[PDB]
Novice: 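Dumping the structure here so I can ask a few things about it.
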There are 6 protein chains.
Amino acid sequence: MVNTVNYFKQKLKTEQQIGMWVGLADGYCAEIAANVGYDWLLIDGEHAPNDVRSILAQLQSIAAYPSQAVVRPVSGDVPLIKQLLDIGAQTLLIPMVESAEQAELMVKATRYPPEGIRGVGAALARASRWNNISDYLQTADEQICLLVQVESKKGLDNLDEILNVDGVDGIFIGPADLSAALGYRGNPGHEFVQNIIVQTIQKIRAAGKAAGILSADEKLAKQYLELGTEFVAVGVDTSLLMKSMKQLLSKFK
Amino acid sequence: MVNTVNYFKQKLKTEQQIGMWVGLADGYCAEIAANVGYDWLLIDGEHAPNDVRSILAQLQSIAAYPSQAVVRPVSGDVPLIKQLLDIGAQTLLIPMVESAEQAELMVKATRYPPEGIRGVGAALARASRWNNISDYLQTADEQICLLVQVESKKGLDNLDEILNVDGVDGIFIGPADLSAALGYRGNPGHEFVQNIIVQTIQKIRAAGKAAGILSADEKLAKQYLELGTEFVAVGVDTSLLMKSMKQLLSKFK
Amino acid sequence: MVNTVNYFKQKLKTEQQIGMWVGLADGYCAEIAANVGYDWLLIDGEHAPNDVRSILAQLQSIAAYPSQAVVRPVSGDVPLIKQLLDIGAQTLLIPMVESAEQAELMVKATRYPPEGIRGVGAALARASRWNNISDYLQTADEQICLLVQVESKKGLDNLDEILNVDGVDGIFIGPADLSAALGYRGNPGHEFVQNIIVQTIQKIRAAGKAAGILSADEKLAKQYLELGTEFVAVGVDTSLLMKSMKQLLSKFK
Amino acid sequence: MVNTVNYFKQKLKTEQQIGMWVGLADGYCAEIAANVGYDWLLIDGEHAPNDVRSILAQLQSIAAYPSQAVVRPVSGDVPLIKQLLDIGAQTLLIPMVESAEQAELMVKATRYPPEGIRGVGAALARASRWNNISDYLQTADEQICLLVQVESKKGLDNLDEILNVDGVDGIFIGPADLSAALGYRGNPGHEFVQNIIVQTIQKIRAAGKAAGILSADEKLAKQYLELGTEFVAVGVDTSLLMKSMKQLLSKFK
Amino acid sequence: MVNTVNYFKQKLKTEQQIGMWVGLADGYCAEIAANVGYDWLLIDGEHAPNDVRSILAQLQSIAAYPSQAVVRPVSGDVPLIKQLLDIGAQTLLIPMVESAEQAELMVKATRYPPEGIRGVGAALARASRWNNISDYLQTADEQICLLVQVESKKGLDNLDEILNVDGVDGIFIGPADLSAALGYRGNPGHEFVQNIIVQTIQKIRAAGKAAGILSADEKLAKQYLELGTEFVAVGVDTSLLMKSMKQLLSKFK
Amino acid sequence: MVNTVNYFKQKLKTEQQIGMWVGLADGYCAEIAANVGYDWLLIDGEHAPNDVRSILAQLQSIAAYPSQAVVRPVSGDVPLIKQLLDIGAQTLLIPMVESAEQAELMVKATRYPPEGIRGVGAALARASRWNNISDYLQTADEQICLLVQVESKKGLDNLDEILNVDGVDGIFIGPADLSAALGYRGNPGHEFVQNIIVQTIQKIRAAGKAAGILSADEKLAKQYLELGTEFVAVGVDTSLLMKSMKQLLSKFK
Ligand SMILES: [Ca+2]
Ligand SMILES: [Ca+2]
């Protein structure tokens, strides 16, 4: 078997990928999402009740389908990154990255020694298909994609430095934490926040990195796609489920 | 503690209850549904991957919310009915009921001896809250509601007889199995099927029993509510999740 | 490896075994109960929210401890009995046994062909420890113990017939279903019910079979032990947990 | 989406398919087995500790791989068959089939009304991918494959009658139950048993049905393949795990 | 929906709240404990085998009942605190707090930016009921309650400094870790230890914070209540289950 | 009850113990491995998809069998070590230990105050069998065994310093991470790497500590046993399963 090709990673340089946030934290819900045809599915280990084993179950469901999996761990924790890579997550979105130093450590956490600090356990891991991918330890690094989130004043204060870190493939901007960090908690729609988001996306793309964002607002999503944003999540499973059920009940109250 | 009051059962004689089909088979998804404000939630043990333990998890989630739980077991299996009552399901929807004899057996399956054949295990059961409901074995039968589904030619051929069974509180008509039994599999919208559904609802209400139905079609749902149908399910969680995600992706293809 | 000796089965003829009801339906709770020193633990598949997989987890917990496991399936279902024997349950308590014809079928359900109808699948089963017990298909039947419950008027109407079935090792009387069946639901304490229980125990022992019963009432339990009742369960984990927490809160209200 | 093509079913008429028994009852173990390259994987609901939900997880794992899933339910239970088809099992192996009448009922259990008695619930089912397979209710029957097991003297006494049942695609012979039924429990190797197996395979293929068998004995397996047996399982995951670990320890004792 | 009112937090200033430790690590066991009537239930993520998902299940169980949930995470880990607040835990008990600096970080961990460092993910969280609590991001901080444990000499050496931290609502003293830290491991009953506990409770209440403690000793528990201690846990589910089962067996040996 | 004797710990000074790696992450698979007769089983929390709850299930499975359990946590995390000791893991293998300062912290993490920093919670823990081991807080430390892994240049740079830490019972060398760290990723077989392994084993034994290693290569494993290596793991469950299934399929292609 040749290593699973990371089409998400390749597509960062060739197209704009449309994404769905997967927070229902369940192999069955992840499979329903995997049937729709999103370019990428964000399995949320930070804001949904997931652990290594529930994320594994969702990778297995989604694996039969074209949609590429991206895993957001709870934090840039090196051992947890080691766990998620070995279960076969090929793209990670690291929350709350605030310095070049922290971004380089995340690069190392995703690469085998001697170049990085990823723990070696290929015989045991879905990632190597238990060594059925015969050359895994030689070929793994090529198909790993590292994304970091900038979501604080300190991250924005270190944006140019993070953007010069080799091995950061993309910077994702989450309007929720960023709006809140800027003193507009719950109101990312403010001009002050939007101007900072647009400038940030411009700087990201100017430095040759992929820019990413989430917006459930169709107008803002299409605006971010007009700027060339490479990976745009356009909704959240929990929100779509809740709103579709509320909208239906309102027709009957 | 007094026994949990079955408001679904009481409401069969006082209003028209709007329902959501719960087939995501998960305590977390059941809780999202429980927040919307449906009158009733159908926990589907027949067509969703549920077992006694996953149904228990969904009863526990939903229990904090006003929405009344209805459990559809996989079949009119007496021991399985015993299990679902002891985990605290107070309303059951029995699929594929086709005779007075089978309907009376389902009544007995829901009532303690000597009047019925429900196995006695109150010390162990969430239903008695492990005997924290001190009078449970005296008061349980009052708050149990039995619904049966008519979904075959044989059931329609035995409708008058089922409708004279004391302890059948309601007859639910599932257009899917009924359309299929009538040779219009996948097309319940045919006039031949709809005329049979309307006549069936009329006969059900004429015999003093509650009529129920499911339709994701808003026009048919409101038509069934205009006829006085007592319990109408207006959608399905799996369908709302899939369609909301497909509709959103179509705005971006 | 030699097959696990069924000490419960042997002790039916040499001593009186003290039992605890396990309805907390969980490997971790079953292990707590396993530490106490009960002669037997009844893993309740009829009145607690258990399936084959949760019962297997409880057998694995308990296996490190001297306490012998007895499993009560939801009903005398031949395929379910097959499942529970293959996960390694060596003693079964069959609910709701009402005829010699039904007792004989339960005997066959527990014995391999050609003498019985137990499905053969030893390579796969914990019961054979996946063929690490090399002679399992030759030795299995010797260490299987079959108990049946008489809990209905019809059972009591067929008691002499059930007691002449070879391979029924014991008859358990559950006062809850029996009291209910006799029109004293929730009050097994009545003289009418108790006289029937005592006579029933006497007839069971007179026919050379083991008698069993459950009572959380210390006085009744010691009374049943004075009659020579071979297997006596003296409490229920769910009840002890609830009562201990209630008594404790009462000291501080 | 078009319905998943049942390649196992097609190959019954075009090649000889090599199978692995999957009784580790686990999505993770099922995925390891799925990477090997077996033509078919037998998810054992009869002799391994599986339920609908654990079988769903194993289907989801295996779905990303070419290996075709075959599910053996605990028994020819019509409601359980309904449940396994809806989670998306396209091939079923029914244990303990003993008459044409029982085989015909299993055929109907797998087909929608009006031809069959399969309960209709496509909106909810992974089988229809929650109606993302738009024609599912029209196209589903064509990709369903029904195998039955003959494992008793009564089955052998009804073999010609079972073989004339339209819609039985295959008869599988399990030497374990059959050897036991013939009074050679745990010694299927006996000439008396093997002559019966060979004759049975010849009769099955003579009637234009697929023959199937399991043998962990390489010689017997290759013999059955020389007879033209269409589906041959050649080992069992539990057995290969235990034996591989025992062989390794023996090199070091 | 308005945000769940944190009655535990309000009662810290108006009454003395009686608590039960919940370490059976199970939604079913948590629900049994929830029926008793304790003012608060301590879901122990530090000393019972719990993770985010098992704590969520226990929150869902308990939610239908008046008893207030308090969650003890394994350590003052900011990302884990983020995870427990989002699943909807409104009161946290932080183990092993030893400095004002650490207590201030725990305060911030529980509050949204710009005041605190709690990660923003309201669309996904049971805490916001998936934004069905429409003002959640504005109202969430008011219903969050932060308790810290002082259980080391260093903590006692920093007690006045921890007590001056705005946003620490309560200091809990666990005699087990504190007795051990003082060189009396497993004998918190010693006068040297008790004088320290009494003095500590007096200092905590003198600084206008709530004092808390656990003791299974009724006399010590009632003594701590006579001192005005605001939250007193009076037993542990694991201990009451084991002891109740041991006491019962001893009546029969 | 007396505390469980750690035979693994005792045997470090009296014999050479043969080990199997358990990465199938499942109570049912851990029990199959437990039947074989390995001296020790390594429950891998670093490279297999395990959490505290799945490790507890595997400890419960294995506990019925003579094989001693060793747990490898994901990292030398003090709170996680606390969790794993409380579920009853008596031998820990700490990955990625690189200094005497880190080894000493791991020693303290495994010992109660005042000598160590292990959090006290014996009422709640399987480790004390919920205080059924009456003297647990006095006797626990004697039966705890601490192993550390040297797997980096920095570890080898600190080997003499780590080897002088009292309370480090053993140093395990994992050829995978070490080979990788040395610039021979995936080829531990190189003379440069092997010479370092042999010298390392010699230095470990010269300092009075137990040496450990894993090799699936029979020749290397016997070589390590001839040097007197005290604990040698000779295979990996995931690898044996995959290889046994691959070899078997190869006979029939
Ligand atoms: Ca978990
Ligand atoms: Ca289950």
Side-chain angles (χ1 to χ4, degrees), chain A residues 53, chain B residues 51-54 56-57 124, chain C residues 20-36 38 40-45 48-72 83-84 87-89 126 237-238 241, chain D residues 25-26 49-51 53-54, chain E residues 22-30 32 48-51 53-54 57-58 237-238 241-242 245, chain F residues 22 24-34 43 50-65 69 71 83-84 86-89 124-127 129-130 132:
Chain A
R53 288 165 68 89
Chain B
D51 58 11
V52 174
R53 288 165 68 89
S54 74
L56 166 58
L124 280 153
Chain C
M20 167 57 58
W21 227 256
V22 184
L24 283 169
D26 161 88
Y28 193 68
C29 298
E31 190 176 7
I32 294 171
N35 276 264
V36 179
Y38 286 95
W40 56 288
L41 298 181
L42 189 292
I43 304 175
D44 193 351
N50 279 304
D51 55 21
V52 174
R53 287 165 66 93
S54 73
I55 285 171
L56 163 62
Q58 291 166 85
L59 295 178
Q60 289 179 303
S61 282
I62 289 164
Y65 298 86
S67 297
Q68 300 286 285
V70 182
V71 183
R72 177 158 78 169
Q83 293 178 292
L84 294 178
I87 57 165
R126 175 173 176 276
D237 59 353
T238 54
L241 179 57
Chain D
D26 178 74
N50 282 303
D51 57 17
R53 291 167 62 91
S54 76
Chain E
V22 182
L24 285 168
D26 178 74
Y28 193 62
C29 295
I32 294 170
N50 282 303
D51 57 17
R53 291 167 62 91
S54 76
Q58 288 170 85
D237 58 355
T238 57
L241 180 57
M242 175 71 76
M245 290 186 295
Chain F
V22 184
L24 283 169
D26 161 88
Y28 193 68
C29 298
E31 190 176 7
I32 294 171
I43 304 175
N50 279 304
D51 55 21
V52 174
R53 287 165 66 93
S54 73
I55 285 171
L56 163 62
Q58 291 166 85
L59 295 178
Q60 289 179 303
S61 282
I62 289 164
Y65 298 86
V71 183
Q83 293 178 292
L84 294 178
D86 281 337
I87 57 165
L124 279 154
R126 175 173 176 276
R129 297 307 190 272
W130 308 279
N132 211 44

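A, B, ... follow the sequence lines: proteins, then strands. Residue 1 opens every chain. FYI, side chains are in, hydrogens and waters are out, and symmetry mates aren't considered; it's all heavy atoms of this structure.
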Novice: Hey, does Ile32(C) have a side-chain heavy atom less than 4.5 Å from the side chain of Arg129(F)?
Specialist: no
Novice: Whether the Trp21(C) and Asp237(C) side chains hold a donor-acceptor pair (N or O, under 3.5 Å, no angle test) is what I'd like checked.
Specialist: no
Novice: To the nearest 0.5 Å, how far apart are CG in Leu41(C) and OH in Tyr65(C)?
Specialist: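 It comes to 11.0 Å.
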Novice: So which atom in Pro49(E) and which in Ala25(E) form the shortest heavy-atom distance, rounded to 0.1 Å?
Specialist: O-CB, 3.6 Å
Novice: Which heavy atom of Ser67(C) sits nearest to which heavy atom of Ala34(C), and what is that distance?
Specialist: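 Heavy-atom minimum between the residues: OG-O, 3.7 Å.
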Novice: Flag the pair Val71(C) / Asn50(C) as yes when at least one side-chain heavy-atom distance between them is below 4.5 Å, and no otherwise.
Specialist: no
Novice: If you look at every heavy atom in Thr238(E) and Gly23(E), which pair is closest and at what distance?
Specialist: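 Closest approach of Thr238(E) to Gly23(E), heavy atoms only: CG2-O, 3.8 Å.
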Novice: Mind running side-chain hydrogen bond (donor to acceptor under 3.5 Å, both in side chains) on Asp26(E) and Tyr28(C) for me, showing each step along the way?
Specialist: CA-CA 9 Å; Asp26(E) 178 74; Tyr28(C) 193 68; over 6 Å; no
Novice: Would you say the side chain of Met20(C) lies within less than 4.5 Å of the side chain of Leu42(C), judging by non-hydrogen atoms?
Specialist: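 SC-SC contact between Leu42(C) and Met20(C) ruled out.
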Novice: CD1/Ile55(F) to CD1/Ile43(F) distance, rounded to the nearest 0.5 angstrom?
Specialist: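 Result: 6.5 Å between the selected atoms.
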Novice: Could you check whether any side-chain heavy atom of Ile87(C) comes within less than 4.5 Å of a side-chain heavy atom of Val52(C), counting everything from C-beta outward?
Specialist: yes
Novice: How far does CD of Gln83(F) sit from CG of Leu56(F), to the nearest 0.5 angstrom?
Specialist: 11.5 Å
Novice: For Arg126(C), what residues pass the salt bridge (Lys or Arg N to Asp or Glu O under 4.0 Å) criterion, not counting sequence neighbours?
Specialist: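 Only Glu31(F) meet the salt bridge (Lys or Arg N to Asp or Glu O under 4.0 Å) criterion with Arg126(C).
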Novice: Is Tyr38(C) reaching over with its side chain to a backbone N or O of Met245(E), donor-acceptor style, under 3.5 angstrom?
Specialist: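 Side chain of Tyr38(C) to backbone of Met245(E), a donor-acceptor pair under 3.5 Å: yes, one is there.
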Novice: Do you know which two heavy atoms are closest between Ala69(C) and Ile62(C), and how far apart they sit?
Specialist: CB-CG2, 4.3 Å
Novice: Taking C-beta and beyond as the side chain, do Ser54(F) and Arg53(A) meet within less than 4.5 Å on heavy atoms?
Specialist: yes
Novice: Distance from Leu24(C) atom CG to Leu124(B) atom CG, nearest 0.5 Å?
Specialist: 8.5 Å
Novice: Could you pull out the closest heavy-atom pair between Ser61(C) and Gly27(C), with the gap in Å?
Specialist: OG-O, 2.8 Å
